[PDB]
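Chemist: Let me give you the structure first, and then I'll get to my questions.
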Amino acid sequence: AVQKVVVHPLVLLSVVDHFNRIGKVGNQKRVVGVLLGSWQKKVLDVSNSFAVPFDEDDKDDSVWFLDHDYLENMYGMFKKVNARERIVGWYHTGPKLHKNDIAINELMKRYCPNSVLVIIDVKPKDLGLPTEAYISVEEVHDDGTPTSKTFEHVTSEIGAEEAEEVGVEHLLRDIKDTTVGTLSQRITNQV
Amino acid sequence: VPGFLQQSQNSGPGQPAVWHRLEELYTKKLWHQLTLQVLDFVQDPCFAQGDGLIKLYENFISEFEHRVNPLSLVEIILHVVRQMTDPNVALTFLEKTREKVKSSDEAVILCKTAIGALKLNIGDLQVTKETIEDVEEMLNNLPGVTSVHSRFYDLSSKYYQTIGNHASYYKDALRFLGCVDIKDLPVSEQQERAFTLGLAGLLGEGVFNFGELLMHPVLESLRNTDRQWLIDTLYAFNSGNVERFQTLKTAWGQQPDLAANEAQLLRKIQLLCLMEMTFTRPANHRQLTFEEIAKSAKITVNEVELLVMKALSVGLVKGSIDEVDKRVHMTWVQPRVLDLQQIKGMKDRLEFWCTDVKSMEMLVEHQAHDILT
Amino acid sequence: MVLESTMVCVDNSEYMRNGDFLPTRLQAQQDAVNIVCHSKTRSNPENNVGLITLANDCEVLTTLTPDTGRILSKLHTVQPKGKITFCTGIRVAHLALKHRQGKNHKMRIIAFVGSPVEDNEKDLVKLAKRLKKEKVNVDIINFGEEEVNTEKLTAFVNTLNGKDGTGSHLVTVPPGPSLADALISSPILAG
């Protein structure tokens with residue numbers, strides 16, 4: 001029962017520079033990281049995250065690496081800079097899922113009321129929406145198996161909190177507020 | 001106590017093919033293959049005399065073995081109950097072994113489902129609700145055992161036979177059908193269970209979309225050798241009315257528990273005929289006349305109003321029925337279960353939608369083309 | 001001391017629960033992790049010996065760390081019920097041991113197996129020549145019992161290494177009347 005959050009792409013630029021790390025460290029092609037934040041209501045806001053040094057075997061794909069040298073003492077750091085912005089979830093790229101996502105969620109679920117695997121978009125060419133959320137679910141079936149845990153589409157958006165446009169709307173240098181009904185509507189018609 | 005199986009060793013001819021090995025198991029002192037030797041004394045047809053004596057050594061296992069899960073101990077009291085034929089000492093003995101044999105695993109669920117399984121000698125509806133409910137109180141965490149969910153079906157199905165919810169056998173039969181998906185016993189007993197499944201889901205009515213999971217393989221592979229019109233009357237409530245001999249063959253052949261609410265069964269032919277008549281024709285004239293209703297729904301003019309006000313109580317269709325022309329108006333409905341030929345041939349609506357709203361999008365944009373600007 | 005990151009697995013699967021030597025085999029596997037972890041506590045204070053499991057997943061609980069007492073608390077309720085796998089421990093240990101320090105140590109493995117484990121002849125021969133190609137010497141141990149005329153771990157011993165090998169050896173264990181320090185004392189010499 002979660003609709004939408006508020007997204008600061010600042011730590012998505014941290015996703016960008018960890019996307020710079022993975023292009024020059026080694027065999028890790030995809031960007032996998034950990035998404036801090038704070039449940040505020042069904043609407044939510046995120047202020048920080050971090051990016052795990054992660055590896056994943058192509059053979060028996062349930063091979064995660066989430067170091068507690070990189071979790072616990074960096075959690076002490078992120079707790080020392082603020083007590084508010086603690087864990088709320090994690091993130092990896094692609095749109096779909098890999099297999100180990102369920103266990104990577106359940107690892108940090110012990111810290112959080114609802115850890116979220118927001119699947120993130122580094123090379124955006126998509127047809128729908130950007131990065132999107134998934135909440136802990138128990139839907140199992142009408143058949144009655146042991147309890148299902150594959151985290152279902154419980155959506156998200158890219159919300160805008162507050163000011164930051166000192167940076168952003170000076171960094172635009174191109175764009176314009178269309179006085180709606182001035183081919184903005186047919187941009188929307190196209191899309 | 002080694003002398004105990006020195007005197008109780010020989011238990012038949014060819015039974016010392018596991019007892020000459022058992023006289024060295026406890027010298028090797030092992031308990032994995034001796035837990036499996038309890039399971040193998042279950043497997044080989046023991047007439048309950050080695051276990052009914054070794055039960056004091058099972059107390060001794062609880063005394064100085066103190067590591068193995070009491071799975072086999074619950075097994076061995078419910079296999080000494082053939083020597084016993086009395087559960088009233090076995091209940092206190094089993095909760096004794098619950099509170100005196102420790103493990104880290106889920107044990108309260110296996111203990112209370114074994115109490116549910118041997119509860120049939122109690123005269124039910126008195127202790128069933130309490131501890132059968134306690135089982136699902138401790139089922140939320142992790143049903144990883146899931147033979148405890150099978151025994152939970154069995155106590156829940158004798159709890160269905162504690163009368164009161166006559167189509168909870170269908171959802172409970174989903175718990176049976178997914179307790180273990182492979183049916184792990186031969187075809188005949190459970191195809192008679194599929195026989196009485198069709199019956200006990202047919203005649204009672206808490207369920208309303210009764211013709212639903214008939215496509216499921218583990219029941220229709222049982223039905224393929226059943227009587228050849230129980231399949232067809234389940235199809236008469238799957239398709240929904242138009243098998244007159246079958247929606248009447250429920251009144252021809254299947255007699256027990258029929259005549260109490262076959263009027264409600266023929267109420268559901270009408271409830272299902274509504275979704276039939278407004279689905280199978282996609283077209284308009286959704287202010288339908290009452291005529292097909294009163295012809296094929298075996299209803300009268302004075303009862304079409306009840307036919308759809310009882311459906312307002314149902315809540316799958318909520319028509320704004322005309323009453324100056326007496327026309328039974330079609331609004332939104334709950335459509336079907338599966339039309340796989342129309343899951344394939346929905347292209348005439350889906351690709352219709354896709355390319356035609358796409359083309360008319362291109363046409364609106366093509367008439368407002370060069371104000372791209 | 002000889003430079004390696006000796007990796008210990010916990011035999012926390014379904015066949016380490018009987019009362020054949022002591023009334024427990026948790027004492028055998030648990031005091032073996034005790035003696036190896038205190039050997040890497042006394043041996044060099046730069047190693048990395050934490051834990052790895054074989055039961056149904058490879059859950060790296062704490063950090064592959066110099067200290068040991070948190071892992072020795074986790075050996076208590078090690079939960080020996082699950083699916084034993086000889087293939088996943090060595091592979092996730094290979095990637096975890098490619099997630100190491102400024103590397104003072106090579107790669108060594110002890111894999112506590114108490115079962116006729118599930119690993120193809122093609123699987124063992126591929127794992128063993130991948131450790132030929134990846135420069136690993138493994139000290140192969142059997143606790144609990146293994147089925148007579150052992151096939152998997154003995155052939156992993158066979159085809160494991162070369163060009164400075166001398167790690168791959170296997171002690172077979174019977175399920176007799178004996179004691180647990182004499183079921184770690186027979187594999188404490190030659191893993």
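Note on naming: chains are A, B, ... as they come in the structure tokens, residues start from 1 per chain, ligands start from 1 in the order shown.
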Can you work out which residues from chain A touch chain B at a cut-off of 10 Å (counting only C-alpha atoms) and hand them back as a PyMOL selection string?
Modeler: chain A and resi 141-147+182-184+186-187+189-190
Chemist: May I have the selected residues written with N, CA and C atoms, as a compact mmCIF listing (two decimals), in the first residue's frame?
Modeler:
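Writing done, so here's result_3.txt:
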# COMPACT_ATOMS: atom_id res chain seq x y z
N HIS A 141 -0.76 -17.24 -2.78
CA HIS A 141 -1.50 -17.85 -3.88
C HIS A 141 -2.92 -18.06 -3.39
N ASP A 142 -3.75 -18.64 -4.23
CA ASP A 142 -4.94 -19.31 -3.77
C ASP A 142 -4.68 -20.79 -3.51
N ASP A 143 -3.45 -21.26 -3.76
CA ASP A 143 -3.10 -22.67 -3.63
C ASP A 143 -2.58 -23.03 -2.24
N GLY A 144 -1.97 -22.09 -1.52
CA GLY A 144 -1.50 -22.39 -0.18
C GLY A 144 -0.16 -23.11 -0.12
N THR A 145 0.86 -22.53 -0.73
CA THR A 145 2.23 -23.00 -0.60
C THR A 145 2.89 -22.32 0.60
N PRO A 146 4.13 -22.69 0.96
CA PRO A 146 4.93 -21.81 1.82
C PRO A 146 5.05 -20.41 1.25
N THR A 147 5.11 -19.44 2.16
CA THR A 147 4.72 -18.05 1.90
C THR A 147 5.59 -17.37 0.85
N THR A 182 1.07 24.84 -25.60
CA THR A 182 2.04 25.45 -26.51
C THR A 182 3.04 24.38 -26.98
N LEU A 183 2.48 23.27 -27.48
CA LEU A 183 3.07 22.00 -27.94
C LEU A 183 3.61 21.17 -26.78
N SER A 184 3.46 21.66 -25.55
CA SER A 184 3.67 20.80 -24.39
C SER A 184 2.66 19.68 -24.37
N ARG A 186 1.32 18.35 -26.94
CA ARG A 186 1.55 17.34 -27.97
C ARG A 186 2.86 16.60 -27.76
N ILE A 187 3.79 17.17 -26.98
CA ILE A 187 4.81 16.35 -26.33
C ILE A 187 4.15 15.26 -25.51
N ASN A 189 1.09 14.19 -25.94
CA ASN A 189 0.37 13.33 -26.88
C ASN A 189 1.29 12.28 -27.47
N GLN A 190 2.47 12.71 -27.94
CA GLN A 190 3.52 11.81 -28.40
C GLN A 190 3.87 10.77 -27.35
Chemist: Which residues are near residue A:71? Cut-off 10 Å, only C-alpha atoms, ignore same chain within fewer than 4 positions. Put them as JSON, numbers by chain.
Modeler: {"A": [34, 50, 52, 66, 67, 75, 76, 77, 78, 108], "C": [63]}
Chemist: Keeping N, CA and C atoms for every residue in the selection just given, could you write it to a file as a PDB file, in the first residue's frame?
Modeler:
ATOM      1  N   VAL A  34      22.931   0.571  -2.097  1.00  0.00           N
ATOM      2  CA  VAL A  34      22.054   0.514  -0.930  1.00  0.00           C
ATOM      3  C   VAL A  34      21.434   1.887  -0.691  1.00  0.00           C
ATOM      4  N   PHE A  50      24.037   4.662  -0.707  1.00  0.00           N
ATOM      5  CA  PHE A  50      25.426   4.315  -0.987  1.00  0.00           C
ATOM      6  C   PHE A  50      25.466   3.085  -1.882  1.00  0.00           C
ATOM      7  N   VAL A  52      27.319  -0.492  -2.796  1.00  0.00           N
ATOM      8  CA  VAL A  52      28.130  -1.601  -2.281  1.00  0.00           C
ATOM      9  C   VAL A  52      29.126  -2.047  -3.348  1.00  0.00           C
ATOM     10  N   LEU A  66      27.769  -8.151   0.408  1.00  0.00           N
ATOM     11  CA  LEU A  66      27.354  -6.924   1.083  1.00  0.00           C
ATOM     12  C   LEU A  66      28.182  -6.881   2.369  1.00  0.00           C
ATOM     13  N   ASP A  67      29.369  -6.278   2.278  1.00  0.00           N
ATOM     14  CA  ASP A  67      30.330  -6.323   3.373  1.00  0.00           C
ATOM     15  C   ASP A  67      29.832  -5.512   4.562  1.00  0.00           C
ATOM     16  N   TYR A  75      27.693   2.517   8.246  1.00  0.00           N
ATOM     17  CA  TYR A  75      26.432   2.855   8.884  1.00  0.00           C
ATOM     18  C   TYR A  75      26.667   3.725  10.104  1.00  0.00           C
ATOM     19  N   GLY A  76      27.770   3.483  10.809  1.00  0.00           N
ATOM     20  CA  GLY A  76      28.186   4.389  11.866  1.00  0.00           C
ATOM     21  C   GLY A  76      28.512   5.776  11.347  1.00  0.00           C
ATOM     22  N   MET A  77      29.193   5.853  10.198  1.00  0.00           N
ATOM     23  CA  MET A  77      29.447   7.142   9.547  1.00  0.00           C
ATOM     24  C   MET A  77      28.155   7.852   9.172  1.00  0.00           C
ATOM     25  N   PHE A  78      27.290   7.152   8.443  1.00  0.00           N
ATOM     26  CA  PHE A  78      26.021   7.710   7.997  1.00  0.00           C
ATOM     27  C   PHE A  78      25.077   7.994   9.154  1.00  0.00           C
ATOM     28  N   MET A 108      18.797  -6.731   4.637  1.00  0.00           N
ATOM     29  CA  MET A 108      18.627  -5.469   5.336  1.00  0.00           C
ATOM     30  C   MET A 108      17.194  -5.225   5.784  1.00  0.00           C
TER      31      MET A 108
ATOM     32  N   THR C  63      31.622 -10.362   9.049  1.00  0.00           N
ATOM     33  CA  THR C  63      32.711 -10.080   8.129  1.00  0.00           C
ATOM     34  C   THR C  63      33.748 -11.197   8.205  1.00  0.00           C
TER      35      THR C  63
END
Chemist: At a cut-off of 8 Å, list the chain A residues touching chain C, using only C-alpha atoms, as a ChimeraX atom specification.
Modeler: /A:55,62-63,65,67-69
Chemist: Output the selection as a short mmCIF file (atom, residue, chain, number, x, y, z; two decimals), in the first residue's frame - N, CA, C and O atoms for each residue.
Modeler:
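What follows is the written file again-v8.cif:
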data_model
loop_
_atom_site.label_atom_id
_atom_site.label_comp_id
_atom_site.auth_asym_id
_atom_site.auth_seq_id
_atom_site.Cartn_x
_atom_site.Cartn_y
_atom_site.Cartn_z
N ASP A 55 29.63 -8.31 -6.06
CA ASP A 55 29.84 -9.28 -7.11
C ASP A 55 28.72 -10.31 -7.11
O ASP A 55 28.05 -10.52 -6.09
N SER A 62 22.55 -16.81 -6.87
CA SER A 62 22.34 -16.35 -5.49
C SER A 62 23.67 -16.18 -4.74
O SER A 62 23.87 -16.74 -3.67
N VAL A 63 24.57 -15.38 -5.31
CA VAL A 63 25.88 -15.12 -4.71
C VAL A 63 25.98 -13.61 -4.53
O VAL A 63 26.31 -12.86 -5.46
N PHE A 65 27.34 -10.12 -2.22
CA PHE A 65 28.44 -9.63 -1.39
C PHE A 65 28.10 -8.23 -0.89
O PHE A 65 28.16 -7.26 -1.65
N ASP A 67 29.37 -6.28 2.28
CA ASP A 67 30.33 -6.32 3.37
C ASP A 67 29.83 -5.51 4.56
O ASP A 67 29.25 -4.44 4.41
N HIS A 68 30.08 -6.04 5.76
CA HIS A 68 29.72 -5.36 6.99
C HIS A 68 30.84 -4.48 7.52
O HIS A 68 30.61 -3.66 8.41
N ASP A 69 32.05 -4.64 6.99
CA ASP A 69 33.00 -3.54 7.01
C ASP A 69 32.44 -2.35 6.24
O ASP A 69 32.62 -1.19 6.64
#
Chemist: In Å, how far is it from atom CA of residue B:218 to atom CA of residue B:167?
Modeler: 19.4 Å
Chemist: Quick check: residues of chain C within 10 Å of chain B, only C-alpha atoms, returned as a count of residues only.
Modeler: 21
Chemist: Using only C-alpha atoms, which residues sit within 12 Å of residue A:122 once same-chain residues fewer than 2 positions away are excluded, as a ChimeraX atom specification?
Modeler: /A:9,12-20,29-32,91-95,119-120,124-126,130-131
Chemist: Can you spit out the residues from that selection as a compact mmCIF listing (two decimals), in the first residue's frame, using C-alpha atoms?
Modeler:
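File out-v5.txt, as written:
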# COMPACT_ATOMS: atom_id res chain seq x y z
CA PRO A 9 18.88 12.58 -7.98
CA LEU A 12 21.65 9.19 -8.19
CA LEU A 13 24.71 11.17 -9.22
CA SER A 14 26.42 9.01 -6.65
CA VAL A 15 24.93 6.16 -8.72
CA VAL A 16 26.58 7.92 -11.68
CA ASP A 17 30.02 8.04 -10.12
CA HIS A 18 29.73 4.45 -8.95
CA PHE A 19 28.80 3.78 -12.58
CA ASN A 20 32.17 5.44 -13.18
CA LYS A 29 29.08 -4.62 -15.14
CA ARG A 30 25.94 -3.60 -13.26
CA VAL A 31 25.48 -0.94 -10.58
CA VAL A 32 24.17 -2.39 -7.30
CA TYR A 91 18.92 -0.52 -5.54
CA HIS A 92 20.31 -2.23 -8.64
CA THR A 93 20.18 -1.40 -12.33
CA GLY A 94 18.42 -2.98 -15.31
CA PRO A 95 14.65 -2.95 -15.30
CA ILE A 119 15.33 -0.85 -9.49
CA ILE A 120 17.31 2.01 -10.96
CA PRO A 124 17.44 6.01 -19.52
CA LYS A 125 15.78 5.18 -22.81
CA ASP A 126 12.65 3.61 -21.34
CA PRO A 130 11.94 5.88 -14.13
CA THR A 131 13.10 4.04 -10.98
Chemist: DSSP on the backbone: what in stretch 69-130 of chain C comes out strand (DSSP E), as a count of residues only?
Modeler: 6
Chemist: Considering only alpha helix (DSSP H) as DSSP defines it on the backbone, what residues of stretch 6-162 of chain C qualify? List them as a VMD selection string.
Modeler: chain C and resid 26 to 43 69 to 74 86 to 96 121 to 133 152 to 158
Chemist: Would you mind exporting C-alpha atoms of the selected residues as a PDB file, in the first residue's frame?
Modeler:
ATOM      1  CA  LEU C  26      27.718 -30.157  16.758  1.00  0.00           C
ATOM      2  CA  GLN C  27      30.519 -30.641  19.289  1.00  0.00           C
ATOM      3  CA  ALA C  28      32.675 -32.159  16.525  1.00  0.00           C
ATOM      4  CA  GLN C  29      32.075 -29.446  13.908  1.00  0.00           C
ATOM      5  CA  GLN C  30      31.923 -26.656  16.522  1.00  0.00           C
ATOM      6  CA  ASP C  31      35.150 -27.491  18.355  1.00  0.00           C
ATOM      7  CA  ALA C  32      36.812 -28.017  14.972  1.00  0.00           C
ATOM      8  CA  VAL C  33      35.877 -24.458  14.004  1.00  0.00           C
ATOM      9  CA  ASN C  34      37.163 -23.558  17.501  1.00  0.00           C
ATOM     10  CA  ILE C  35      40.586 -25.151  16.997  1.00  0.00           C
ATOM     11  CA  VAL C  36      41.038 -23.778  13.458  1.00  0.00           C
ATOM     12  CA  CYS C  37      39.902 -20.275  14.448  1.00  0.00           C
ATOM     13  CA  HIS C  38      42.157 -20.192  17.486  1.00  0.00           C
ATOM     14  CA  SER C  39      44.972 -21.459  15.245  1.00  0.00           C
ATOM     15  CA  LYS C  40      44.351 -18.475  12.945  1.00  0.00           C
ATOM     16  CA  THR C  41      43.999 -16.253  16.018  1.00  0.00           C
ATOM     17  CA  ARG C  42      47.413 -17.296  17.340  1.00  0.00           C
ATOM     18  CA  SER C  43      49.000 -17.821  13.918  1.00  0.00           C
ATOM     19  CA  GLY C  69      34.269 -14.615  19.034  1.00  0.00           C
ATOM     20  CA  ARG C  70      31.180 -13.380  17.221  1.00  0.00           C
ATOM     21  CA  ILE C  71      31.475 -16.364  14.866  1.00  0.00           C
ATOM     22  CA  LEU C  72      31.993 -18.627  17.892  1.00  0.00           C
ATOM     23  CA  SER C  73      28.712 -17.284  19.232  1.00  0.00           C
ATOM     24  CA  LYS C  74      27.115 -18.025  15.855  1.00  0.00           C
ATOM     25  CA  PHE C  86      30.148 -29.039  -1.706  1.00  0.00           C
ATOM     26  CA  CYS C  87      30.111 -26.854  -4.836  1.00  0.00           C
ATOM     27  CA  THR C  88      28.794 -23.536  -3.518  1.00  0.00           C
ATOM     28  CA  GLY C  89      31.074 -23.109  -0.486  1.00  0.00           C
ATOM     29  CA  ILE C  90      34.300 -23.242  -2.503  1.00  0.00           C
ATOM     30  CA  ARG C  91      32.901 -20.928  -5.210  1.00  0.00           C
ATOM     31  CA  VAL C  92      31.547 -18.231  -2.888  1.00  0.00           C
ATOM     32  CA  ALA C  93      34.760 -18.616  -0.883  1.00  0.00           C
ATOM     33  CA  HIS C  94      36.700 -18.003  -4.091  1.00  0.00           C
ATOM     34  CA  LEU C  95      34.848 -14.779  -4.753  1.00  0.00           C
ATOM     35  CA  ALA C  96      34.950 -13.767  -1.055  1.00  0.00           C
ATOM     36  CA  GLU C 121      31.572 -35.928 -11.416  1.00  0.00           C
ATOM     37  CA  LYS C 122      31.646 -33.202 -14.058  1.00  0.00           C
ATOM     38  CA  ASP C 123      31.034 -30.672 -11.284  1.00  0.00           C
ATOM     39  CA  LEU C 124      33.902 -31.866  -9.081  1.00  0.00           C
ATOM     40  CA  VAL C 125      36.319 -32.169 -11.989  1.00  0.00           C
ATOM     41  CA  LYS C 126      35.425 -28.666 -13.214  1.00  0.00           C
ATOM     42  CA  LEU C 127      35.694 -27.169  -9.696  1.00  0.00           C
ATOM     43  CA  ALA C 128      39.022 -28.888  -9.159  1.00  0.00           C
ATOM     44  CA  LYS C 129      40.579 -27.755 -12.424  1.00  0.00           C
ATOM     45  CA  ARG C 130      39.178 -24.244 -11.903  1.00  0.00           C
ATOM     46  CA  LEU C 131      41.162 -24.316  -8.675  1.00  0.00           C
ATOM     47  CA  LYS C 132      44.093 -25.525 -10.763  1.00  0.00           C
ATOM     48  CA  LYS C 133      43.624 -22.447 -12.970  1.00  0.00           C
ATOM     49  CA  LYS C 152      33.186 -36.647  -4.668  1.00  0.00           C
ATOM     50  CA  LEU C 153      35.673 -35.181  -2.212  1.00  0.00           C
ATOM     51  CA  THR C 154      38.319 -37.837  -2.882  1.00  0.00           C
ATOM     52  CA  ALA C 155      38.293 -37.028  -6.594  1.00  0.00           C
ATOM     53  CA  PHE C 156      38.377 -33.314  -5.752  1.00  0.00           C
ATOM     54  CA  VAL C 157      41.518 -34.264  -3.772  1.00  0.00           C
ATOM     55  CA  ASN C 158      42.684 -36.121  -6.906  1.00  0.00           C
TER      56      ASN C 158
END
Chemist: Applying 10 Å and only C-alpha atoms, which residues near residue C:188 remain after dropping the ones on its own chain fewer than 3 positions away? List them as a PyMOL selection string.
Modeler: chain C and resi 32+35-36+141+171+181-185+191
Chemist: Which residues are near residue B:197? Cut-off 12 Å, only C-alpha atoms, ignore same chain within fewer than 3 positions. Put them as JSON, numbers by chain.
Modeler: {"B": [157, 166, 167, 168, 169, 170, 171, 172, 173, 174, 176, 177, 189, 190, 191, 192, 193, 194, 200, 201, 202, 203, 204, 210, 214, 219, 220, 222, 223, 226, 230, 231, 234]}
Chemist: Using only C-alpha atoms, which residues sit within 8 Å of stretch 250-264 of chain B once same-chain residues fewer than 2 positions away are excluded, as number ranges by chain?
Modeler: B: 203-204, 233, 246-248, 266-268
Chemist: Write out as a ChimeraX atom specification which residues come within 8 Å of residue A:136 when counting only C-alpha atoms, dropping same-chain ones fewer than 2 positions away.
Modeler: /A:114-116,134,138,149-152
Chemist: The selected residues should be written to file as a tab-separated table (two decimals), in the first residue's frame (atoms: N, CA, C and O atoms).
Modeler:
chain	number	residue	atom	x	y	z
A	114	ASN	N	10.31	-1.74	6.25
A	114	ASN	CA	10.05	-2.20	4.89
A	114	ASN	C	11.18	-1.83	3.95
A	114	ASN	O	11.21	-0.73	3.38
A	115	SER	N	12.13	-2.74	3.75
A	115	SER	CA	13.24	-2.46	2.85
A	115	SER	C	12.78	-2.57	1.40
A	115	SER	O	12.01	-3.47	1.04
A	116	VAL	N	13.23	-1.64	0.57
A	116	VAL	CA	12.73	-1.48	-0.79
A	116	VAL	C	13.86	-1.64	-1.80
A	116	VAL	O	14.95	-1.08	-1.64
A	134	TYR	N	9.22	-1.47	-4.71
A	134	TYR	CA	8.63	-2.77	-4.44
A	134	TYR	C	8.60	-2.96	-2.94
A	134	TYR	O	9.62	-2.78	-2.27
A	138	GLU	N	3.05	-10.57	0.93
A	138	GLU	CA	2.68	-11.94	1.28
A	138	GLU	C	1.31	-12.16	0.64
A	138	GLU	O	0.26	-11.93	1.26
A	149	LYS	N	7.32	-14.40	-1.31
A	149	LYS	CA	8.09	-13.26	-0.84
A	149	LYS	C	8.62	-12.41	-1.99
A	149	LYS	O	9.23	-11.37	-1.74
A	150	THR	N	8.39	-12.81	-3.25
A	150	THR	CA	8.85	-12.05	-4.41
A	150	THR	C	8.14	-10.71	-4.46
A	150	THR	O	6.93	-10.64	-4.64
A	151	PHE	N	8.93	-9.65	-4.29
A	151	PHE	CA	8.41	-8.35	-3.89
A	151	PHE	C	7.67	-7.70	-5.04
A	151	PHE	O	8.23	-7.47	-6.11
A	152	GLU	N	6.39	-7.42	-4.82
A	152	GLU	CA	5.50	-7.11	-5.92
A	152	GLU	C	5.49	-5.62	-6.20
A	152	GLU	O	5.95	-4.81	-5.39
Chemist: Quick one: of B:366, B:74, B:310, B:58, who's nearest to residue B:1, counting only C-alpha atoms?
Modeler: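 So, comparing all the options, the nearest one is B:58.
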